[PDB]
Structure formats: structure tokens, C-alpha cells
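Student: one piece of my complex first, more on the way:
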Amino acid sequence: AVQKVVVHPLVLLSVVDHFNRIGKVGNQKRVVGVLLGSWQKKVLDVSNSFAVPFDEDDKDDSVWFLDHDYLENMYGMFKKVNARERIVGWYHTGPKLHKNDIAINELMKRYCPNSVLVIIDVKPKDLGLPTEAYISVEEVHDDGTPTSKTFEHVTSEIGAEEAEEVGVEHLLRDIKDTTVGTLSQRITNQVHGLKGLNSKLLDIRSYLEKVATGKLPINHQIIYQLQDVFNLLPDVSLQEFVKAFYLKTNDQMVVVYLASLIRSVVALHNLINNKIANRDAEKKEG
Amino acid sequence: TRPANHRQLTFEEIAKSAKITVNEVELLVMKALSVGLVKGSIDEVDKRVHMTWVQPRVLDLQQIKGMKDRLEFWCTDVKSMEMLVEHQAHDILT
Amino acid sequence: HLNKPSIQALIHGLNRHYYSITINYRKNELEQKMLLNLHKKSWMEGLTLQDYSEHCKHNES
């Protein structure tokens, strides 16, 4: 299995560049490429990705051509350039999975048994990461249900190395927020977290509506994960917790009051100094 | 069936539901905690059993509908709080 | 001329055998909204209450 996938910034700019160049000349939905990376103990670290020619027919959903010789030659070239990178999976810019993704995953497994599909969306979404690493799982499902190839999910996160970090910092030095918890950025982040929570809850509610109406199947799994979530609710308004939280709020407010007093005294001292300076300047004027 | 807020279970209620004597409820709840089916705590002075349940359960379409409307209430509350914070901190938001 | 030559490049032959060319970085959105994800901060980070133990310790110190 793969416990997590780290997609370095270059993979993303390579996948944005491939989508742009293919889209600019002709029009093609989705963009398929091979992901190259190194294996940690269990955390796959994707660093580079190269394009692979890929024609598909959306209508049939079973016709798709992916170069074998082209992929092998590209991998040989990259091994000559840097051999520490072995094939670890494939990426396609298509926002949603596709019915033929399983065959492509098997073809990739032909080159790497532990293949991770990272769906690198090229549409900027303000709520969430741009990667979603998927893996192929064949099981018996235990709970007496038909088994199929499917796509198990693995946590994805975007890291970077020193060189990529330096490049990113140079690139985003004009649209980057200051590092440090300025109150403006803290309040904005809290608002962003509220918005993200609202979006996640809306997605969960839409899925629950679909399940209730029958449009989608009752999982019998993960659903009780939502039940566990609903059990883990804080249960505020308990008397003991209310007293403790009031104690904490007052303990913080006393420090805030001391800070406000210090700020007021400093401001008053500065005002006194400025007034005396102005008066002295006026007196020395004549 | 508890409203998820009054999670405390009276000893009489458990005795009646499970048809177990007054003194048998202690051992029953202890076994439930031991096997790994409940992660709460038990109190004898008030004869109420604290409930913190981790073991999940299968659902029914009616149960799913109830969960869906409860989550709708939760998301409406979250949206209201987000709107309040955003409107009250427009100047500082940036 | 809104840029400056470097003593190093000058010593090794700048404006003598080699001449520098202004390097402009062609950056676009999509390629700048994807790179603001290296450290984007999850929604959860903006709702985590820190920990009250070290928070109290920091306030006291």
C-alpha cells in the first residue's frame, strides 16, 4: 500500500504546462502522463512527470492508445539524466475519474506494481489541494458484495525540495502573504476554515440526499464513519465545560486587558512627547 | 435512540430495556465497555451511565434521512456563523 | 540599464567577451494559483484552538 503521496511543485507546473500545450493546439479532454518518483518507507515522493501520447474516445469509453515504446524511451532518458527516479504511477488532468482509468492503471502497473494515480486538476479551486492520489485495490469486500477493481484513495500532500522551494518563492514573491500570524491573516484564515467546513458539510449533505433518494447506493461503510463523526461532536453547554471555558476566556481577557493598558500608556507617552516637541519647536521659532 | 445530548442513561431505563435486575446493569455495561463496544464511563452514586459510543452501526433509509436533515441544520449553522464573522470583520479581512 | 553588472561577472569577462541579457520570468495564473498550494493551510488549521497548556505557558512567560 501507499500511506501518502507527496507531489513536488514541478510535477504540478509540468501537468499545467502539458494541459495548456495540448489544449492550445487542438482540443482534448483530460491529459495523461507518467509520474516519476522515489519510494520512502511508505510515502511515495513524486518529483518529475513526462507526457505520454494518449488518444481516447469518450463515446466508446474502452478505446484508448498509450505509447509503450514512447513511455519506455522517456523513462530511459530520464534514468540517464537522473536514475534515482523510478516510475511510480500516472496522472491525468481530468477533474473526475474515467471508466477506462482502470485499464490505464493496469498498464502502468506493468511498469510499477505500486501505481498511484494523482488527478492533478488544472482548474484553480480555492478550497482544497490540487492532487488526489488513487490506487487499485482488489478485495473480496467481506460484506458479501460483488468485488471489482475500483480505486482506493491515498492521502496526498504537496511538498518541495530546496531548489523547487527557492523557485517557488521567487515566482510568488509578488502575490505571497507575509509569513507570520498577523491578525488580519489569522482572521482571514479562520473565515477560510469556516468556508471549507461549510463546503465539506454541503458535500456530505448532497451525498446523504442522493443516498436517501436512492440515486447512489447506501455504502454500509464510511456511512458509519459519518455516524462516528456525529458522535464525536463536542456537546457544548455542559455545565462543567461551560465553567471551564468561561474561566479560560476570562484568563485570556485579563491578559488582553493588560496589553490594552500597556498600549494606551505607550500611546499617551508618545502623544505627550510629540506635543512637547511641537511646543518647543514653536517656542524656538520666535 | 438517545438524542445524542442526554447521553446519560439511567440505571432504571437500562434495567427495563434489557430485562436485567438492578445490580446486573453494572456488570452488563462493564462487559460492553470491556469487549470494545462502548467507550464511556459508569457512575454508581447517581445510577447513571455515561455514554461515549465509538462502535458504529448500520443505517436505514429513515435513519439516513434523519442524519441528512440534522447535517442540513449543522451546515446552516456553519454558514450563518461564517456570514456573521465575514460581515463583522470586513475591514480587517483583506 | 535598470539592472547592474556584478563584480564577479565583470572579473570573468562581462561587457568584455560576454554581455548579460535581462532575465524576465514569464509567470501566469494557474501556474501561480497551483504554486500557492505548497503551503496553502488546510481549513482545519484555521479552526484548531492551539493547546491551552502551552498557550497558558506562553502567556505567562
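Tutor: That came in fine, so what should we check first? Numbers count the residues shown, from 1 in each chain, chains lettered A, B, ... in the order given.
Student: For chain B, which residues are neighbours of chain A?
Tutor: Applying Cβ under 8 Å from any Cβ of the partner chain, one finds that chain B approaches chain A through B:4-5, B:7, B:52-54, B:56-59, B:61, B:64-65, B:67-68, B:70-72, B:74-75, B:78-79, B:81-82, B:85-86, B:89, B:92-94. Using the backbone N, CA and C atoms, a C-beta is placed for each residue, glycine as well.
Student: Try it again at 7 Å.
Tutor: By Cβ under 7 Å from any Cβ of the partner chain, the residues of chain B that approach chain A are B:5, B:53-54, B:56-59, B:61, B:64-65, B:67-68, B:71-72, B:74-75, B:78-79, B:81-82, B:85-86, B:89, B:92-94.
Student: I'd like to know which of those are buried.
Tutor: Buried members of those, counted by 16 or more other Cβ atoms under 10 Å in any protein chain shown: B:53, B:59, B:64-65, B:67-68, B:71, B:74-75, B:78-79, B:82, B:89.
Student: any idea how far the residue of the stretch 51-200 of chain A found nearest chain B is from residue A:127?
Tutor: For the stretch 51-200 of chain A and chain B, the shortest gap (Cβ to the nearest Cβ) falls at residue A:194, measuring 3.9 Å. For residue A:194, the distance to residue A:127 equals 11 Å [Cβ to Cβ, to the nearest Å].
Student: also put chain D on there:
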Amino acid sequence: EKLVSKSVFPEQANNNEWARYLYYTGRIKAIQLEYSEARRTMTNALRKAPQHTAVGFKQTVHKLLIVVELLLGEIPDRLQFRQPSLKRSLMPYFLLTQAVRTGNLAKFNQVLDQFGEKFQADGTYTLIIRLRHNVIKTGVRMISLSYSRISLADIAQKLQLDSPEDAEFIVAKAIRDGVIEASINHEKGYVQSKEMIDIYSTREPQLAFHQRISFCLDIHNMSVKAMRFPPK
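Tutor: Chain D now in position relative to the chains above:
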């Protein structure tokens, strides 16, 4: 009172003008039975008095504050009476406070006999008569502070009331008058004072800190706002 209710005093006024207005509003409120507001306003006016510049204003404010506080059920601080400038002026008020605290109605009557005309000329005779007929409030407040479950008969005995039923009437009137925080249990006839609760674990400390922090931030904003920066 109509003028004060309708007109609004500018916040950015002189401290001395604010003190004079506070004294006037305090007299208006005290004569109008808003005793707590009168006490607060006159204490603020005394606080905002011009350090040591106006003796007479301090004298009058102290006298009226003493009268209003005596009416409200609080025995005033002795430092005021012990001060050098206010001693002779407030001597009759010192005697009045002595009589009120001791609870001797006869002492109050002889105090009025000697300095009644002085109280009149000071414009506080009516308030002094109100105190003469409200003296029992101070005793009830002292009993509330001291005891927690005082029996009605015992409270009547202590406040030299004639009968316990009169004590019950007076105690209920006090529970409204903002003087006591007890709850009579007429089933067994004892005055059960409200049990004290940990204020810190409640929200009141947050409210006090909010008021103080708002004042500090406003002071900082006002200070940085002018800054008298000269024209270069």
C-alpha cells in the same frame, strides 16, 4: 430633567464642564428617586473635579453624595469627613451619618433640629427627610450583609421593628429596592440570602474586561488621532 433627557452633552468637552454637568445631573436624578444613578454620576463628578482648584464644588458634591448614599443604604467613607477642607462643611452630615448608622431616630431628630436650617440652605432638606423615613434601609442592608438565613422574628428584633409581619413587608420592599438579594421563605419565615457563586467562572469578568479594554483602545485611538504633527 426634560432638557437633560432631550439634549446630548458632547463627549469631547472640558473635564471641569463635565464635572459641573455631572453634579447637576446627579441632583436631578437624586431628587427624582434614581438613587443609584445619582450616586454613580456624583462619584464620577467628584473624580473629575479639578485636582485642588475648586473647594466649594467639592464641598457641595460631597454633601449631596453623602445624602444620596445614606438614602441608598450605604454608610459613606470617613475619609471625606476627615478631610481638612471639607470637615467643618460636612460636620452636620457627619452627625447625620452617625445617627443613621446607629439607627437612633431620636439622634436624627436632634440632628435635624440643630442644623435643619443649614440643610435647607444647602438644598438637601427634602432628601434628609427622605432619609429620616428610610433609615430602616441601612439596617436591612447591614443584616443582609451579615446574616444569610436570618429568622424573621430575629430580624424584627434586631431592626427594632414592632412585629415580625412588618419585618416581612420591609424585607420584601428591600429585595426590590436593590438593597438586598434574599428570598423570603414564608413557609418557615426565614430570610434566605442568595448563595454566592464564583464570579470568575461566570461571564461578568469578561464584561468588565471588555469595558476596560474598550476604554484603553479608545484612549490609544484618541491619543494617536491628534498627534499634533507640525506642517513641514
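Student: Wait, residue A:243 touches residue D:199, no?
Tutor: No: Residue A:243 is beyond contact range of residue D:199, at 11.6 Å (criterion: Cβ atoms under 7 Å).
Student: Which one of these two is surrounded by more residues?
Tutor: Between residue A:243 and residue D:199, counted using other Cβ atoms under 10 Å in any protein chain shown, the more crowded position is residue A:243 (14 against 11).
Student: burial count for the closest residue to residue A:243 other than its chain neighbours?
Tutor: Distances taken as Cβ to Cβ, 6 or more residues apart in numbering or on different chains place residue D:201 nearest to residue A:243, at 4.3 Å, with adjacent residues excluded. By other Cβ under 10 Å, the residues close to residue D:201 number 16.
Student: Equivalent analysis for residue B:11, please.
Tutor: By the criterion of other Cβ under 10 Å, residue B:11 has 20 neighbours.
Student: Next up, the contacts around the residue of chain C at minimum distance from chain D.
Tutor: Closest approach between chain C and chain D, counting by Cβ to the nearest Cβ: residue C:59, at 14.4 Å. For residue C:59, the contacting residues are residue A:255, by Cβ atoms under 7 Å, 6 or more residues apart in numbering or on different chains.
Student: add chain E to the structure above, sequence below:
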Amino acid sequence: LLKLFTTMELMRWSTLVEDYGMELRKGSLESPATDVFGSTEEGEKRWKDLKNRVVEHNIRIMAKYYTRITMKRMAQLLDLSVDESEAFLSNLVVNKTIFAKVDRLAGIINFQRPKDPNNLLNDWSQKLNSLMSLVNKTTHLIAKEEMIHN
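Tutor: Putting chain E together with the chains above:
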């Protein structure tokens, strides 16, 4: 018996004796009873020590599960007199084996350590963080499910 001493549930001394006294002390031709629990003086001393171990295990189970068990119920469940049970619990507490606060006035044996406000709010924060993480994971699985069943 060995399994019973590792299971996290109360074993009553009366029931344990009724079940294992014949098999542990006397034995039979098919049950060769050992001399560990024999009728000799050392046998009785070790039998009392076994009862002490059983009561200690019972008290440990209560401290792990209960929060406030009346003295009467503790004595009943440990198979001991009220005063003797209180003395045993006090001896255990003094040695620091287990945490307890014997409120002799109301017969309360409260086990929970005092809940400092910092720890309570920390537990609330941990619950909220777990809820947020589980919500994100369920959203990821939910997106997967919507993706698959197009």
C-alpha cells in the same frame, strides 16, 4: 483462571471460590491439586494472598471503568466488609497503586482525577480536531464514491 485474571471484567470472589475451590485446593485423581493452596499454614496465607490479588484486580477494574462507586457497592463487588474494603482501598491509595478519594461521609469512592480547565478544554479541542479530520476523510471517500458510480 489465568485467562480470567487477564480479562478486564470483575470476577467475584464468592463465584470464583464456588467454581475453583475443589479444583485448586483439594483436586481429584484426574485433577492433581498442588500444594500452593494447600490446607497448611502457608496454604492459608497464600489463599488469603490470592483473595487480596482478586480484590486488587477488581478495584483496578472499577478504577478503570467507574468514576464514583458507593462504598456499599464496592464492598459487595469485592466480597468484603465495608470497613475492610475501605481499609484495603486506603492501603492501596497510600502506596500510590491506584487513585481514589474515599468520601467517608457520603460513601463515595470517586476515581476521576481532578479535571483542570486546561485539560478539559484540551480534550474538547482534541475531539474537534478528530471531528474535522474525520469529516475531511469522509468527504474524500464521498467524492470517490460519487466519482465511481457516475
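Student: quick recheck of the neighbour count of residue D:201 now chain E is there?
Tutor: Neighbour tally, residue D:201, other Cβ under 10 Å: 17.
Student: ok so it is a helix residue?
Tutor: No: checked against DSSP: H, G, I helix; E, B strand; the rest coil, residue D:201 lies outside a helix; its state is coil.
Student: Would you confirm that it contacts residue A:241?
Tutor: No: Residue D:201 lies out of contact with residue A:241 (Cβ under 7 Å); the separation is 11.3 Å.
Student: Distance check, residue A:66 against residue A:104.
Tutor: For residue A:66, the distance to residue A:104 equals 6 Å [Cβ to Cβ].
Student: Overlap of the contact sets of these two?
Tutor: Both residue A:66 and residue A:104 are contacted by residue A:32, under the criterion Cβ under 7 Å, 6+ apart.
Student: Not counting sequence-adjacent ones, nearest residue to residue A:231?
Tutor: residue B:53 (5.9 Å).
Student: residues touching the one you found, list them.
Tutor: By Cβ under 7 Å, 6+ apart, the contact list for residue B:53 reads A:231, B:38-40.
Student: Chain C: which of those is nearest?
Tutor: Minimum distance to chain C across those is 18.8 Å, recorded for residue A:231 (Cβ to the nearest Cβ).
Student: Thank you kindly, that will do.
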